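Data first, discussion second: the structure below is written as structure tokens.
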Amino acid sequence: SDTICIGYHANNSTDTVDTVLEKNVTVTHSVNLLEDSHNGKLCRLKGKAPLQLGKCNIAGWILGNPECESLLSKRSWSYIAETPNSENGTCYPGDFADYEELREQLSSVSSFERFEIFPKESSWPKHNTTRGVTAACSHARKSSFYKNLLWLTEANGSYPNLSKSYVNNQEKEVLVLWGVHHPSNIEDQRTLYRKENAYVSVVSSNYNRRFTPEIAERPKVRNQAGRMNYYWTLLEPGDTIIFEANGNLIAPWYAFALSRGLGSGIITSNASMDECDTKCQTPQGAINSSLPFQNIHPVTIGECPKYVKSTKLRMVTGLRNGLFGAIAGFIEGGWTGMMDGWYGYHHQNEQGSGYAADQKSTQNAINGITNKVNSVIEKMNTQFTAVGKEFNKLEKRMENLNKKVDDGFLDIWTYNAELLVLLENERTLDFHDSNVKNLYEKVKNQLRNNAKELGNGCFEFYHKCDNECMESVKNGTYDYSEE
Amino acid sequence: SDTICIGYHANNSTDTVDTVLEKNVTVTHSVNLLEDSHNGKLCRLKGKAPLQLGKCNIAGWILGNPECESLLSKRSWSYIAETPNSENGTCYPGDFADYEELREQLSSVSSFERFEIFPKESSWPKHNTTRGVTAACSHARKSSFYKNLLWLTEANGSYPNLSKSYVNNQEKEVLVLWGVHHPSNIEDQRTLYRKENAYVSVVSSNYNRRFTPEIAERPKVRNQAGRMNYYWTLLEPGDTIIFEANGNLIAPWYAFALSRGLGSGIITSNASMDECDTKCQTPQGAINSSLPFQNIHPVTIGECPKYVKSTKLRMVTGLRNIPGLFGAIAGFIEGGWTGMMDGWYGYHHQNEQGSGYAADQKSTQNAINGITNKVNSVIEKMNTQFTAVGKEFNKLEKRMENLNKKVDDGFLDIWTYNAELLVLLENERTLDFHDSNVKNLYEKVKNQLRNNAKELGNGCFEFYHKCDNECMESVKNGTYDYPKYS
Amino acid sequence: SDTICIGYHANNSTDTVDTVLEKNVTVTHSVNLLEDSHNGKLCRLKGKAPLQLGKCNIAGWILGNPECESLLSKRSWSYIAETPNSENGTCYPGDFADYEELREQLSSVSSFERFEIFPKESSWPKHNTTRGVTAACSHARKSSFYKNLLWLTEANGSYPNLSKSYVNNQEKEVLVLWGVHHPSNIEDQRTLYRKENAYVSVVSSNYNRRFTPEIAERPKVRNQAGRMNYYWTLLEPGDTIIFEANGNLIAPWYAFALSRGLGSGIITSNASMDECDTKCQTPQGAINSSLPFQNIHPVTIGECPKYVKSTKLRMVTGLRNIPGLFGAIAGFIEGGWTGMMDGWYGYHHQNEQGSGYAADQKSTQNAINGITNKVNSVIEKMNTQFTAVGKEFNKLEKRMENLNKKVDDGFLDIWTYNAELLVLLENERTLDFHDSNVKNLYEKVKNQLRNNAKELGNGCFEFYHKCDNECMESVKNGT
Ligand SMILES: *[C@@H]1O[C@H](CO)[C@@H](O[C@@H]2O[C@H](CO)[C@@H](O[C@@H]3O[C@H](CO[C@H]4O[C@H](CO)[C@@H](O)[C@H](O[C@H]5O[C@H](CO)[C@@H](O)[C@H](O)[C@@H]5O)[C@@H]4O)[C@@H](O)[C@H](O[C@H]4O[C@H](CO)[C@@H](O)[C@H](O)[C@@H]4O)[C@@H]3O)[C@H](O)[C@H]2NC(C)=O)[C@H](O)[C@H]1NC(C)=O
Ligand SMILES: *[C@@H]1O[C@H](CO)[C@@H](O[C@@H]2O[C@H](CO)[C@@H](O[C@@H]3O[C@H](CO[C@H]4O[C@H](CO)[C@@H](O)[C@H](O)[C@@H]4O)[C@@H](O)[C@H](O[C@H]4O[C@H](CO)[C@@H](O)[C@H](O)[C@@H]4O)[C@@H]3O)[C@H](O)[C@H]2NC(C)=O)[C@H](O)[C@H]1NC(C)=O
Ligand SMILES: *[C@@H]1O[C@H](CO)[C@@H](O[C@@H]2O[C@H](CO)[C@@H](O[C@@H]3O[C@H](CO)[C@@H](O)[C@H](O)[C@@H]3O)[C@H](O)[C@H]2NC(C)=O)[C@H](O)[C@H]1NC(C)=O
Ligand SMILES: *[C@@H]1O[C@H](CO)[C@@H](O[C@@H]2O[C@H](CO)[C@@H](O)[C@H](O)[C@H]2NC(C)=O)[C@H](O)[C@H]1NC(C)=O
Ligand SMILES: *[C@@H]1O[C@H](CO)[C@@H](O[C@@H]2O[C@H](CO)[C@@H](O)[C@H](O)[C@H]2NC(C)=O)[C@H](O)[C@H]1NC(C)=O
Ligand SMILES: *[C@@H]1O[C@H](CO)[C@@H](O[C@@H]2O[C@H](CO)[C@@H](O)[C@H](O)[C@H]2NC(C)=O)[C@H](O)[C@H]1NC(C)=O
Ligand SMILES: *[C@@H]1O[C@H](CO)[C@@H](O[C@@H]2O[C@H](CO)[C@@H](O)[C@H](O)[C@H]2NC(C)=O)[C@H](O)[C@H]1NC(C)=O
Ligand SMILES: *[C@@H]1O[C@H](CO)[C@@H](O)[C@H](O)[C@H]1NC(C)=O
Ligand SMILES: *[C@@H]1O[C@H](CO)[C@@H](O)[C@H](O)[C@H]1NC(C)=O
Ligand SMILES: *[C@@H]1O[C@H](CO)[C@@H](O)[C@H](O)[C@H]1NC(C)=O
Ligand SMILES: *[C@@H]1O[C@H](CO)[C@@H](O)[C@H](O)[C@H]1NC(C)=O
Ligand SMILES: *[C@@H]1O[C@H](CO)[C@@H](O)[C@H](O)[C@H]1NC(C)=O
Ligand SMILES: *[C@@H]1O[C@H](CO)[C@@H](O)[C@H](O)[C@H]1NC(C)=O
Ligand SMILES: *[C@@H]1O[C@H](CO)[C@@H](O)[C@H](O)[C@H]1NC(C)=O
Ligand SMILES: *[C@@H]1O[C@H](CO)[C@@H](O)[C@H](O)[C@H]1NC(C)=O
Ligand SMILES: *[C@@H]1O[C@H](CO)[C@@H](O)[C@H](O)[C@H]1NC(C)=O
Ligand SMILES: *[C@@H]1O[C@H](CO)[C@@H](O)[C@H](O)[C@H]1NC(C)=O
């Protein structure tokens with residue numbers, strides 16, 4: 001007897017997917033949508049390396065703590081990496097005004113340039129510029145001080161009025177930092193500033209603040225009962241800043257001209273830097289930006305996949321290894337032997353035997369599933385952003401609001417991703433079930449009376465069929481010689 | 001021989017939709033789910049017109065900058081519209097305390113009424129009330145000052161202690177604003193206030209602050225080295241506010257009795273206002289709220305379609321236009337019928353009495369009702385809370401500004417993804433549905449005409465027996481007398 | 001002649017669901033996905049009862065308003081419940097610094113220990129410790145004061161310098177509260193403090209502030225033109241706090257050692273407490289947390305279903321009830337069988353030995369298992385973290401308040417839309433599924449009886465050969 005069979009692919013694949021109706025379905029071909037690995041390194045974003053702070057936090061780096069590396073020239077960075085629990089910040093204890101705010105300002109800086117705003121050798125001719133050192137800020141076992149500030153003191157029994165101004169002719173924003181010293185007793189205030197009641201005044205076109213030292217005994221920090229409060233402001237292009245004091249000023253020595261870029265952010269990381277590039281950086285390492293979802297870390301920088309709590313997001317592209325009754329229905333098994341398509345034919349006649357795929361229906365199915373995967377992947381809108389937000393000890397409400405935002409996006413993206421994969425995996429299998437059922441009915445319609453339907457997807461020809469009648473039948477031309 | 005064919009509609013439509021399996025599919029009918037047009041005007045929200053500030057920002061308007069129009073009547077507004085050239089604010093340089101907070105609080109009011117809190121002519125018998133004008137607040141080429149504040153100065157060589165109180169009897173909140181002058185040198189401090197050390201004190205039942213002038217040389221803004229700081233508080237009904245100073249006070253002259261309503265916001269727009277109503281205002285113009293999505297602007301006020309980055313959201317309602325999951329459409333019935341123009345699905349008959357198309361009304365009306373219900377569900381399930389998306393943050397609120405941007409951008413990402421895929425997937429489902437309606441019509445006829453006709457394999461049945469117009473009507477209305485012909 | 005029929009289940013159910021194509025479809029079985037009821041009481045979260053403040057707000061409780069002495073002995077809680085009449089707070093008028101911030105801090109406290117930081121009887125030997133009472137803080141018709149603070153005044157014509165330190169040896173954070181008095185006139189300043197210009201100083205390793213009294217005429221609140229501003233700080237373990245003053249200090253008397261727990265929150269509720277447990281508390285009452293969605297209240301504490309504006313989220317699990325896409329149900333098999341009560345799909349046989357219905361167990365069991373897996377996926381994929389939705393903002397934080405409102409409202413719109421459409425679309429898919437299982441059941445037998453029977457067109461086959469009960473069982477068993 002002669003036979004033409006319609007059937008589908010099977011292979012040695014062990015891939016499993018989940019579907020809305022069935023868990024743990026072994027499938028022939030599949031695509032993973034979930035980034036779940038990282039390279040364990042810090043990499044370049046947008047071509048530039050990050051600003052690496054090493055032993056310091058931003059306070060110590062921006063103030064110039066003697067244990068931190070100085071930036072002498074103009075530099076650029078993609079994001080900032082500080083390590084956890086950096087211990088070199090404000091070596092002299094005090095309050096850093098709007099510290100988190102300043103950290104956020106430095107996260108959106110494309111270029112950054114240190115310059116000597118009030119040069120130490122020439123700006124203070126009637127004050128002592130070389131005695132302002134302390135053991136709290138020592139380096140290599142010798143006392144020192146912040147490299148960007150200058151602790152002025154009395155000279156020859158007097159601390160005269162000082163008035164120092166600076167005009168921003170840099171055609172960009174200038175970040176100016178300064179300090180105010182608060183002694184632990186009036187003896188030290190008298191010794192250093194030759195006055196009991198001093199003041200500091202700092203003004204620009206849009207900044208204006210007056211400081212008066214407050215003297216009291218305090219618990220010792222870094223063996224210091226005194227305090228220095230740190231302050232900063234952004235001087236607009238063309239604007240001037242005026243410093244006026246008769247005591248206690250920790251004066252600007254170096255300041256920073258800066259250029260703004262894309263908003264970036266700060267990564268806390270114990271990971272080391274490497275000679276890699278990336279479109280998306282996480283605290284434990286860089287991740288590929290090709291898939292729509294990732295489960296490595298919710299706080300990322302770059303053009304990043306959405307963070308999900310999922311551990312598996314596997315999308316079926318092939319077949320069971322149903323809704324339309326053929327696959328796992330009346331055609332109960334796949335053909336490992338057919339290795340050139342998803343759907344096709346098996347012939348058995350006197351002229352020879354073997355499997356062959358139907359190129360038309362397989363190519364249509366391959367092209368459609370490809371469009372489906374590309375839509376799940378490429379419809380994902382991806383802007384360059386920095387997720388992280390920093391809040392101080394009196395911003396717990398803002399911190400919890402930020403956590404409620406990140407967590408809600410996580411719940412929405414996790415649920416929708418899980419269910420999308422479950423439902424569309426079901427749809428993809430029905431699509432294959434319907435492509436083979438339509439292939440069967442196409443041949444049945446052509447083979448109207450010339451064959452018996454065996455009920456297994458196979459038709460036994462009455463008309464004697466060689467290897468020549470079939471090529472016309474699989475090419476869909478038939479002339480409906482009874483044995 | 002006589003023949004009855006099953007087929008589906010085709011027309012001259014050029015609409016294209018995308019589906020999960022195929023992009024750019026030509027279809028007979030489709031619906032747009034994406035608002036992509038606005039009317040270019042500012043409209044009334046919740047029945048009320050916005051406050052239009054024109055040349056002024058809220059600061060200049062509320063202080064009474066001499067270049068701003070004063071409000072003589074009691075009025076109401078749903079939101080505030082300032083223009084990109086709103087440049088007239090604090091004409092005398094200084095800090096406006098909690099400015100953004102005041103902008104948000106003033107953005108929608110049930111009633112608003114300016115009134116003379118401390119009449120200039122009668123409240124300060126021992127101070128100079130006529131010398132406090134400056135070129136920084138010039139008007140008509142003459143020095144001037146804010147119309148709602150009064151710059152008190154010394155009179156006859158003395159600036160006496162002042163203590164002025166006001167009881168809120170307005171049975172609503174009163175917005176009281178005031179200022180503090182900070183001279184640029186001690187000579188000016190002496191000349192105007194006859195003291196080097198002055199203070200200002202302002203107290204209510206829940207507001208309590210003391211100000212002392214700080215004198216220093218400062219860079220000149222609008223040719224002023226001095227500074228004036230502006231302050232405000234909302235005095236609750238029945239409460240008292242007390243001003244105490246011996247110098248430097250920029251005193252309240254007019255205040256505002258107001259009732260605030262549900263929180264609104266500020267629109268920055270160069271669009272003109274019109275006598276239109278809307279549920280959703282956008283900076284470039286009002287938009288309809290009938291569709292679930294819009295791509296006009298992310299920052300809107302009202303009950304608004306969700307903002308998406310999509311450029312096209314077209315939902316198929318009809319069929320592939322050919323002038324498949326179930327094998328019929330674009331399968332064995334490979335083409336549509338331009339000739340059938342009164343339904344989606346139907347028949348072509350040819351017998352000795354004539355030929356022509358006819359739509360199957362039952363199955364067509366069923367499909368129209370389902371697709372209608374499907375489109376209405378996609379549209380009407382969209383809950384949109386009244387919201388004012390915009391948020392203003394000052395130079396020290398950058399983290400807050402980025403948190404607000406992360407919220408708007410996260411919602412944009414969720415809604416764009418969900419909108420695109422919903423249309424991609426439901427477009428596929430709608431086409432499967434039409435394909436399955438044609439299969440069931442074809443199979444319905446095949447069951448009726450069991451052996452009395454040959455299946456040609458293209459949607460057509462070749463009758464063995466002669467079939468007239470009562471027989472053809474019998475097949476199309478599903479009362480085919482099968483035994484009669486066997 | 002002998003007949004075998006394929007059909008589907010029908011019952012007396014009146015449940016209705018909506019589908020994307022058709023509203024209000026009567027179905028045989030369904031599951032509710034929407035929690036829409038609550039028990040009307042306050043319950044224990046994570047095993048611990050809430051702190052009920054009753055007549056007091058948090059200011060009155062933490063400061064020790066004399067009308068809150070019944071709250072001085074509560075030490076552990078899961079969340080805080082204030083009532084709509086919580087009116088006893090700062091009985092002496094003034095500003096409470098970072099009050100909302102402190103309310104959020106106390107929302108995340110596991111254990112709480114009040115302790116006498118500066119004992120009134122022994123810490124102030126040269127000041128008057130018994131005169132600092134006022135009618136603004138009355139108790140039992142006698143002037144009084146906060147039970148956790150001490151209003152120090154001059155003794156015998158002088159208010160001497162004071163310096164008091166405290167070392168946190170509690171091995172946990174110590175919440176320290178204090179105040180600064182601001183009289184309305186300089187006569188009262190001299191009377192209480194023997195000084196016109198005083199100062200207060202409070203310092204630790206990370207806190208540093210100096211306060212100066214401001215003397216001015218003020219409107220009277222609770223008959224007081226004076227003011228007391230309230231302050232606090234969290235003292236780190238091992239750190240020292242130093243109080244220094246020569247006047248106007250309202251000194252700490254008791255402080256609080258606290259241990260943080262899971263971040264929780266504050267509920268305002270008129271509901272009474274009961275001896276119940278819940279994984280989710282709402283202001284009107286506790287709710288079940290089993291379903292993925294609830295419509296009771298958007299501001300919840302616990303592991304909570306997502307809040308939706310929906311009034312009905314019913315998912316069909318069974319079939320159209322007749323007491324489609326694949327053409328059988330409501331197609332050529334126009335009705336369901338109330339008689340078949342042992343399955344969703346099955347057969348009716350009629351031959352010379354008898355008649356009756358029989359469910360096809362394989363196809364029914366396969367369908368029941370698949371629909372079960374689907375219902376469980378919709379439910380169990382819902383990630384539910386312990387959260388406290390609520391956020392409190394003061395009169396100068398409207399922008400923050402409206403940003404929090406935009407966040408809550410955005411999540412509500414996303415979840416409502418997605419829930420409604422998921423149910424409409426999966427209800428359609430579920431009904432399509434049943435239509436397809438009966439079509440495949442019909443087609444299986446039609447292939448089996450290729451020439452031996454006439455297809456009647458209603459799901460029934462008229463046997464040509466006489467078919468007995470072993471022939472019938474083989475057709476129903478596919479043998
Ligand atoms: C309650 O709290 C108040 C605070 O509000 C206390 O008031 C303060 O008390 C302290 C001590 O009681 C006062 O400090 C003293 O100041 C005098 C005045 O010194 C000045 O006057 C002289 C010239 O006019 C000169 O002697 C001084 O020179 C000092 O400073 C320079 C700095 O370079 C240095 O070179 C010198 O060597 C001197 O150090 C200065 O110009 C000062 O003379 C006192 O010295 C005494 O104390 C120190 C330390 O104890 C000791 O070393 C000396 O031997 C000497 O015995 C001292 O420093 C402060 O001025 C007060 N402040 C106010 C506002 O009144 C009050 O005392 C507290 N009461 C109680 C009961 O505790
Ligand atoms: C370091 O910093 C301190 C504080 O910042 C400065 O101290 C101030 O210095 C100014 C300038 O000398 C002082 O102002 C002066 O006040 C004198 C007194 O004026 C009052 O009394 C007279 C007569 O009773 C009245 O006519 C007058 O209207 C006032 O009521 C004035 O007479 C001075 O004017 C002289 O200088 C100006 C220019 O500056 C001329 O135009 C005049 O013609 C006149 O010759 C002057 O205005 C001020 O009092 C000081 N403050 C304090 C708190 O003492 C230091 O000067 C500064 N530098 C140094 C080196 O210490
Ligand atoms: C920069 O960072 C380093 C590392 O954190 C700092 O060195 C550390 O300084 C702390 C504080 O002084 C030391 O702790 C103290 O040790 C001393 C002596 O043992 C003791 O008296 C204190 O009670 C406390 O235990 C710590 O041991 C020390 N560690 C090392 C490795 O040196 C340094 O101070 C920082 N310098 C600047 C300028 O920021
Ligand atoms: C600033 O103060 C320092 C220390 O008080 C002065 O340093 C002294 O300088 C002389 C030379 O002029 C040396 O002989 C001393 O040994 C230095 N003392 C110390 C402790 O190093 C310094 O001179 C002062 N600055 C100016 C400009 O006079
Ligand atoms: C109101 O706004 C106008 C325009 O912003 C101001 O006029 C400008 O004033 C500056 C002086 O600082 C000049 O440099 C410009 O040439 C002016 N522009 C025009 C078009 O005249 C005006 O001063 C503002 N007035 C007040 C009271 O705020
Ligand atoms: C005007 O009011 C002030 C304050 O009420 C009176 O007293 C002065 O107050 C300031 C504080 O702002 C102190 O620095 C002064 O020392 C006070 N003057 C004294 C004590 O004589 C002032 O007396 C009042 N003016 C008149 C004319 O009564
Ligand atoms: C505790 O709260 C009550 C009510 O909120 C406070 O005031 C009572 O209010 C009404 C009159 O307005 C009456 O019940 C009593 O006359 C009021 N009581 C008193 C003592 O005035 C009460 O003052 C609050 N107590 C404290 C210490 O804050
Ligand atoms: C999933 O299927 C694989 C075979 O494909 C099997 O080895 C494994 O145990 C299954 N896991 C289950 C049923 O949980
Ligand atoms: C103070 O005297 C020293 C003496 O060595 C001198 O070097 C310094 O320049 C003087 N300070 C001045 C002139 O401001
Ligand atoms: C889309 O379809 C239209 C109409 O058939 C056709 O003209 C156009 O070339 C197609 N291509 C794209 C990219 O839209
Ligand atoms: C808004 O809808 C109305 C009613 O359908 C319509 O007349 C109007 O043109 C629409 N406007 C815009 C801008 O779409
Ligand atoms: C100052 O004195 C003149 C003449 O006595 C008088 O006209 C004027 O009103 C006085 N100033 C004030 C504020 O009354
Ligand atoms: C107020 O000041 C002006 C100067 O601008 C002066 O001419 C006038 O007389 C003064 N009036 C009083 C009452 O002092
Ligand atoms: C069906 O068509 C026949 C032929 O004209 C007609 O006589 C009969 O009334 C129709 N039955 C219906 C519409 O139910
Ligand atoms: C829905 O259908 C039922 C019949 O099962 C009917 O009683 C009811 O009135 C219909 N409408 C609503 C809103 O329930
Ligand atoms: C404190 O003051 C009260 C009343 O003012 C008085 O009865 C008491 O004896 C005083 N005690 C001391 C120690 O001064
Ligand atoms: C101080 O006040 C107490 C309060 O009772 C009093 O007994 C004593 O006599 C007063 N005088 C002195 C010097 O202690």
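Convention: chains lettered A, B, ... in structure tokens order; per-chain residue numbering from 1; ligands numbered from 1 as shown.
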
Checklist entry - So which bits of segment 16-254 of chain C end up helix (DSSP H, G or I) when you DSSP the backbone, as a PyMOL selection string? => result chain C and resi 58-63+66-71+99-106+186-193

Using only C-alpha atoms, which protein or nucleic acid residues come within 6 Å of segment 138-155 of chain B? Drop anything in the same chain fewer than 4 positions from it, and give the result as a PDB file with N, CA, C and O atoms, in the first residue's frame.
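Listing of part34.pdb after writing:
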```
ATOM      1  N   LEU B  63       1.572  89.319  44.635  1.00  0.00           N
ATOM      2  CA  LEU B  63       2.143  90.493  45.300  1.00  0.00           C
ATOM      3  C   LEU B  63       1.609  91.795  44.730  1.00  0.00           C
ATOM      4  O   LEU B  63       1.608  92.810  45.432  1.00  0.00           O
ATOM      5  N   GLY B  64       1.120  91.777  43.492  1.00  0.00           N
ATOM      6  CA  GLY B  64       0.639  92.983  42.852  1.00  0.00           C
ATOM      7  C   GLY B  64       1.735  93.769  42.168  1.00  0.00           C
ATOM      8  O   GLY B  64       1.731  95.005  42.201  1.00  0.00           O
ATOM      9  N   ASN B  65       2.667  93.055  41.538  1.00  0.00           N
ATOM     10  CA  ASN B  65       3.687  93.694  40.727  1.00  0.00           C
ATOM     11  C   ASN B  65       3.007  94.744  39.855  1.00  0.00           C
ATOM     12  O   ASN B  65       1.923  94.483  39.320  1.00  0.00           O
ATOM     13  N   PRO B  66       3.551  95.958  39.761  1.00  0.00           N
ATOM     14  CA  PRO B  66       2.812  97.035  39.085  1.00  0.00           C
ATOM     15  C   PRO B  66       2.474  96.736  37.635  1.00  0.00           C
ATOM     16  O   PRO B  66       1.591  97.396  37.076  1.00  0.00           O
ATOM     17  N   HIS B 127       4.117 106.648  60.576  1.00  0.00           N
ATOM     18  CA  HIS B 127       5.128 106.186  59.622  1.00  0.00           C
ATOM     19  C   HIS B 127       4.918 106.836  58.258  1.00  0.00           C
ATOM     20  O   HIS B 127       3.837 107.353  57.957  1.00  0.00           O
ATOM     21  N   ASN B 128       5.969 106.824  57.430  1.00  0.00           N
ATOM     22  CA  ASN B 128       5.855 107.328  56.066  1.00  0.00           C
ATOM     23  C   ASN B 128       5.352 106.204  55.163  1.00  0.00           C
ATOM     24  O   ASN B 128       6.028 105.180  54.981  1.00  0.00           O
ATOM     25  N   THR B 129       4.177 106.399  54.584  1.00  0.00           N
ATOM     26  CA  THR B 129       3.586 105.394  53.716  1.00  0.00           C
ATOM     27  C   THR B 129       3.709 105.753  52.247  1.00  0.00           C
ATOM     28  O   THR B 129       3.295 104.969  51.397  1.00  0.00           O
ATOM     29  N   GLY B 132       7.974 104.620  49.995  1.00  0.00           N
ATOM     30  CA  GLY B 132       8.436 103.287  49.643  1.00  0.00           C
ATOM     31  C   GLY B 132       8.178 102.845  48.211  1.00  0.00           C
ATOM     32  O   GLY B 132       7.381 101.931  47.962  1.00  0.00           O
ATOM     33  N   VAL B 133       8.838 103.501  47.259  1.00  0.00           N
ATOM     34  CA  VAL B 133       8.805 103.120  45.854  1.00  0.00           C
ATOM     35  C   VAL B 133      10.238 102.963  45.371  1.00  0.00           C
ATOM     36  O   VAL B 133      11.161 103.583  45.902  1.00  0.00           O
ATOM     37  N   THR B 134      10.420 102.145  44.343  1.00  0.00           N
ATOM     38  CA  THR B 134      11.747 101.866  43.823  1.00  0.00           C
ATOM     39  C   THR B 134      11.682 101.725  42.312  1.00  0.00           C
ATOM     40  O   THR B 134      10.665 101.308  41.749  1.00  0.00           O
ATOM     41  N   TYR B 159      11.277 105.926  63.386  1.00  0.00           N
ATOM     42  CA  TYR B 159      10.501 104.775  62.909  1.00  0.00           C
ATOM     43  C   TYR B 159       9.943 104.052  64.129  1.00  0.00           C
ATOM     44  O   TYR B 159      10.607 103.173  64.708  1.00  0.00           O
ATOM     45  N   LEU B 192      16.457 104.767  56.587  1.00  0.00           N
ATOM     46  CA  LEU B 192      15.061 104.385  56.409  1.00  0.00           C
ATOM     47  C   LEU B 192      14.378 104.007  57.710  1.00  0.00           C
ATOM     48  O   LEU B 192      13.166 104.223  57.849  1.00  0.00           O
ATOM     49  N   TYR B 193      15.120 103.439  58.658  1.00  0.00           N
ATOM     50  CA  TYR B 193      14.533 102.826  59.839  1.00  0.00           C
ATOM     51  C   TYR B 193      15.098 103.349  61.151  1.00  0.00           C
ATOM     52  O   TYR B 193      14.605 102.938  62.206  1.00  0.00           O
ATOM     53  N   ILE B 250       7.964  95.083  55.183  1.00  0.00           N
ATOM     54  CA  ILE B 250       7.102  95.369  54.046  1.00  0.00           C
ATOM     55  C   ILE B 250       5.724  94.858  54.441  1.00  0.00           C
ATOM     56  O   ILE B 250       5.488  93.654  54.473  1.00  0.00           O
ATOM     57  N   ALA B 251       4.829  95.783  54.794  1.00  0.00           N
ATOM     58  CA  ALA B 251       3.584  95.461  55.478  1.00  0.00           C
ATOM     59  C   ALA B 251       2.478  95.005  54.516  1.00  0.00           C
ATOM     60  O   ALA B 251       2.386  95.483  53.377  1.00  0.00           O
ATOM     61  N   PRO B 252       1.601  94.113  54.975  1.00  0.00           N
ATOM     62  CA  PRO B 252       0.386  93.810  54.208  1.00  0.00           C
ATOM     63  C   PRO B 252      -0.440  95.054  53.982  1.00  0.00           C
ATOM     64  O   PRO B 252      -0.713  95.815  54.911  1.00  0.00           O
ATOM     65  N   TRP B 253      -0.852  95.246  52.739  1.00  0.00           N
ATOM     66  CA  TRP B 253      -1.856  96.241  52.394  1.00  0.00           C
ATOM     67  C   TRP B 253      -3.169  95.589  51.982  1.00  0.00           C
ATOM     68  O   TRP B 253      -4.228  95.921  52.519  1.00  0.00           O
ATOM     69  N   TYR B 254      -3.126  94.652  51.043  1.00  0.00           N
ATOM     70  CA  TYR B 254      -4.288  93.843  50.706  1.00  0.00           C
ATOM     71  C   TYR B 254      -4.014  92.381  51.001  1.00  0.00           C
ATOM     72  O   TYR B 254      -2.882  91.905  50.909  1.00  0.00           O
TER      73      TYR B 254
END
```

Next on the checklist: Any residue with an atom at most 10 Å from ligand 14 counts, using only C-alpha atoms and all ligand atoms. Which are they? Put them as a ChimeraX atom specification.
Outcome noted: /B:468-480

Next on the checklist: Neighbouring residues of segment 407-413 of chain C were defined as those with any atom within 7 Å, considering only C-alpha atoms; residues of the same chain fewer than 3 positions away were excluded. Please report them as an NGL selection string.
Outcome noted: (:A and (405)) or (:B and (383-385 or 407)) or (:C and (307-308 or 403-404 or 416-417))

Item to check | Cut-off 8 Å, only C-alpha atoms and all ligand atoms, neighbours of ligand 15 as number ranges by chain | outcome: C: 14-16, 24-26

Item to check | Residues near residue 297 of chain A, cut-off 8 Å, only C-alpha atoms, skip fewer than 2 positions along chain, as a VMD selection string | outcome: chain A and resid 282 to 283 294 to 295 299 to 300 307

Would you name the residues within 7 Å of ligand 4, counting only C-alpha atoms and all ligand atoms, and put them as a PDB file with C-alpha atoms, in the first residue's frame?
```pdb
ATOM      1  CA  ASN A 128      47.123  83.007  58.770  1.00  0.00           C
ATOM      2  CA  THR A 129      46.772  80.454  55.972  1.00  0.00           C
ATOM      3  CA  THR A 130      49.179  77.748  57.186  1.00  0.00           C
ATOM      4  CA  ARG A 131      48.080  76.946  60.764  1.00  0.00           C
ATOM      5  CA  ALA A 155      47.543  86.678  62.291  1.00  0.00           C
TER       6      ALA A 155
END
```
